[PDB]
Amino acid sequence: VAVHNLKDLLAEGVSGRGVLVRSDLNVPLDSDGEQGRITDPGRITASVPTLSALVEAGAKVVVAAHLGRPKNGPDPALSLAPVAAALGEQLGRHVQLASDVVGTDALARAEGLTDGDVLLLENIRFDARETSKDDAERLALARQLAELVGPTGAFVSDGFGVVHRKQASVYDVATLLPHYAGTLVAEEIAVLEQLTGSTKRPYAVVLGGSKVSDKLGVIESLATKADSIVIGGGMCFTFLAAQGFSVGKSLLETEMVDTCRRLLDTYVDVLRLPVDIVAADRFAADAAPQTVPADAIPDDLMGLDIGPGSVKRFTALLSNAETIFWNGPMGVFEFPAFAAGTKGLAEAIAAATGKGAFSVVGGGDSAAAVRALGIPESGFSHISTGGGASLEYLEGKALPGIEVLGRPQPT
Amino acid sequence: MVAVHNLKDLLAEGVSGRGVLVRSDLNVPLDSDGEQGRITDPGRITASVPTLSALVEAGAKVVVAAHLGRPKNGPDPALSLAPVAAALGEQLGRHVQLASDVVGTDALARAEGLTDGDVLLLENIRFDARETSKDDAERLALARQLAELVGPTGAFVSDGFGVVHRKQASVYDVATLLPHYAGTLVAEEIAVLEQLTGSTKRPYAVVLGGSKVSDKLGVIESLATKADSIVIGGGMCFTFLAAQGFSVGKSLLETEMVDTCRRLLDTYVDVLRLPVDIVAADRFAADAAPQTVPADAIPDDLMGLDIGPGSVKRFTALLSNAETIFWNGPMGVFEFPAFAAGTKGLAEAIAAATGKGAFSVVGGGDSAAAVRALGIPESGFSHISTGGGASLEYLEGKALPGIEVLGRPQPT
């Protein structure tokens, strides 16, 4: 397997060459009010380095991207028209928008492209074949997409959030054209490799969130790769119950207790549990915080955050790590009295990063909610935005949109 | 005869055993790259809880109407409220049942069976095409079915501000069928917007960013007779600089708005404040070569990407003098570290002023993305508006239909 990158494609030459780019242009839209208003253009900005490199090298660029999850064909609220306008402003050139995906208009505009021109097809998910489980359906669309750039063309995959599922514009079209990872996909792979296959040690993982069942895949995969896995958040009380401790009124996934016991028995001393807990008598911001030992949680209290002794032990652990992966809050950080555990670990990871650690923040858009606490993104080596795709990578699943890029080029 | 009664007023009338229809804002962002049904920011669910909790504790039979996204034509499984019902129940500490329809057989059966303190979430109200119809008769027919769920003795609480600027059945027409009240979020947002339009402590400083003048034109012209200062930054400042007769190189320029900006600069010469310097570059890229240039001397082959350090110092001093502050829109391309200084500096100045007693309001999805990326805690502002177009139209001076309807007399 050899995943070629954009620099490899540029080295081959793209002057006058049709290049199909799968971009991530799935920007949030206002759906309280009038249609077609982008509320965060960040993904458009992120798409520019790949597209600008191809434009300046003289490629004829055709872009496939989706917006939302259209139910059954064209949906005016999910037209890429506002995306084409915003993308052109950031690219410094007009971006044509086809009035269809692979119909009359797309074909005519693609045939007329000259060196450096950019054509955005309409929302690729308007076509029922794009997300079909039927291989023959996806192949039919993939062939039409490949015909837009021609048999001398190339394919660049630059949307990491869709590489974990077989979609025509992501997977099948890569079997039809010489294929390359774009700058975003290549960078996410390079980061995720440092968390799975090529780990600089000590490697510390920090996992939070509410349910063990949601994190089980990542825990089991990383337990054979990391030196420590710090367990916080709401899910930590299920592990504490598996230790034989009572957890009062805390969140508890009773059906996962025996699984947590198996993990603690199997991956001995990898998992690091809280030693103290900030508990309260009710789920309220104004509830009196009580710091209790993790083995002496009172029956009438619920745990809402990891305690200061836990933050202290976890911080010391993180200060020695070469590699840090963090996904999920340590407590109910919306309540300021129960935000200290999350803020404390964020500060520890940023501090370690400033002294040389490689730190990756998982979660993508979900983790941005935590950053309402005042946590600058620049404090970390890499913010992963790959969502479910990134998590499945960490779980050790083979991602079809990545695997296909490593195949030999079609002859 | 105009009085917008609030939730305290409704509770004083009594809601024990009473059906109360609440229009909530539960339009949370979802992941649409991968599998359906994954909420990526539950903030709006958290915000909805105070109104719902108050009604639950007072014994109300609570029926919640809310939308998710913009369904094209009927039910859409990606836009079901199922994950919202689960998350809302977790925050309420009680089961929230999802009806399998909006005003159909299941909604009717479950509303009729509700008991004191129960919360029923109807399926996505926009699964019914009548909800957003321009036709009053269609909206009123749906509104009658919604009101039937809580019965003739019921009440209506409007608690989603972002939809009050357009007529929708669950927001506007149903308020004509029942005793009607603003919920805690709508009452709070109105009180905030009143400070920004009517009476508020001076000096009153407004800071507007983002890319397009035309998006902010109505707000600028409305607030220019109210605020002591309006700072213009972001991409839209270059259209104002062009309006002054200066060239702006490769900078973003709304040529159709140049004449309008000139008129605004002439009329409100004492209110509008433009940047005095700009950070410019030859490419739209984080590692482009940056130059700090006077705002009235942008070189021809450069594009302006941030306000400059002299501008940051001047605007920071202005915000440090303000008793009331309204901010909407980034000052530059903060996604690039080299062009984040203007947005970081302004947001930090507003938080500092707020810590020293100023009343600060932030609006806009791009402003929110910026404060989250740049490490300014949301708790550092007096109020973060999530209202969107509705808040902007209120600030433009438009009375909004979803607010007007709540001020009508209660039924007799």
Side-chain angles (χ1 to χ4, degrees), chain A residues 24 26 28-35 37-42 45-46 48-49 52 66-78 86 89-92 159-162 164-165 210 282-283 334 336 363-366 368-369 371-379 383 386-389, chain B residues 25 27 29-36 38-43 46 67-73 75-79 90-91 93 160 162-163 165-166 211 235 250 252 283-286 303 333 335-337 340 364-366 368-369 371-380 387-390:
Chain A
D24 170 23
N26 185 22
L29 305 168
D30 183 348
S31 53
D32 286 338
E34 300 294 322
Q35 72 178 29
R37 190 168 74 80
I38 299 168
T39 60
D40 174 2
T45 302
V48 168
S52 59
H66 76 270
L67 199 47
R69 177 78 67 182
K71 177 182 187 286
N72 66 320
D75 178 348
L78 299 177
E89 288 174 10
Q90 301 188 24
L91 283 179
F160 194 84
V162 290
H164 60 317
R165 300 287 180 271
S210 298
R282 64 196 184 284
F283 187 76
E334 306 154 356
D365 283 352
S366 305
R371 306 203 273 269
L373 290 175
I375 305 179
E377 287 179 15
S378 63
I383 308 301
Chain B
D25 172 20
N27 185 23
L30 304 169
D31 180 354
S32 52
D33 284 342
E35 312 271 15
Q36 63 185 20
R38 189 171 73 91
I39 298 168
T40 61
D41 184 348
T46 303
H67 76 272
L68 197 52
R70 188 187 319 263
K72 180 185 69 180
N73 186 34
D76 178 347
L79 300 177
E90 290 163 358
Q91 304 210 29
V163 286
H165 62 319
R166 298 288 184 271
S211 294
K250 297 186 164 181
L252 196 58
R283 292 184 63 250
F284 188 80
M303 56 186 76
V333 189
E335 296 90 341
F336 299 157
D366 50 4
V371 293
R372 292 191 173 185
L374 300 173
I376 294 91
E378 292 189 349
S379 62

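Only heavy atoms go into these numbers, but all of them, side chains included; no hydrogens, no water, no symmetry mates. Within every chain, numbering begins at 1; the chains are lettered A, B, ... in the order of the sequence lines, protein sequences first and strands thereafter.
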(request) Report the distance from atom CZ of B/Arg372 to atom CD1 of A/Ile375, rounding to the nearest 0.5 Å. (result)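 Answer for the CZ-CD1 pair, B/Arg372 versus A/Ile375, is 11.0 Å.
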
(request) Indicate yes or no: at least one non-hydrogen side-chain atom of B/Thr40 is less than 4.5 angstrom from one of A/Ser366. (result)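 Touching, per the 4.5 Å side-chain cut-off.
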
(message) Looking at every heavy atom in both B/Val163 and A/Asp32, which two are closest together, and how far apart are they?
(response)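 That closest heavy-atom pairing would be CG1-O, 3.9 Å.
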
(message) Quick check: closest heavy atoms across B/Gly69 and A/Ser31, and the distance to 0.1 Å?
(response)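 It is CA-OG, 3.4 Å.
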
(message) Among A/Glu34, A/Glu334, A/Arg37, A/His164, which residue has the highest count of heavy-atom pairs closer than 4.5 Å to chain B?
(response)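 Heavy-atom pairs under 4.5 Å are most numerous for A/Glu34.
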
(request) Give the member of A/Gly388, A/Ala368, A/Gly364, A/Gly374 that has the highest number of heavy-atom pairs under 4.5 Å with chain B. (result)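 Among the listed options, the one with the most contacts to chain B is A/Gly374.
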
(message) Hydrogens and angles aside, do B/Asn73 and A/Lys71 bring a side-chain donor and acceptor to less than 3.5 Å of each other?
(response)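 Result is no, nothing qualifies.
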
If I measure from the heavy atoms of chain B, does [X] come under 4.5 Å with its side chain, its backbone, both, or neither?
{"X": "A/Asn26", "value": "side chain"}
{"X": "A/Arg69", "value": "both"}
{"X": "A/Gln90", "value": "both"}
{"X": "A/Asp40", "value": "side chain"}
{"X": "A/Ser210", "value": "neither"}

[X], part contacting chain A, at a heavy-atom distance under 4.5 Å:
{"X": "B/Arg166", "result": "side chain"}
{"X": "B/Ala78", "result": "side chain"}
{"X": "B/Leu252", "result": "side chain"}
{"X": "B/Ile39", "result": "backbone"}

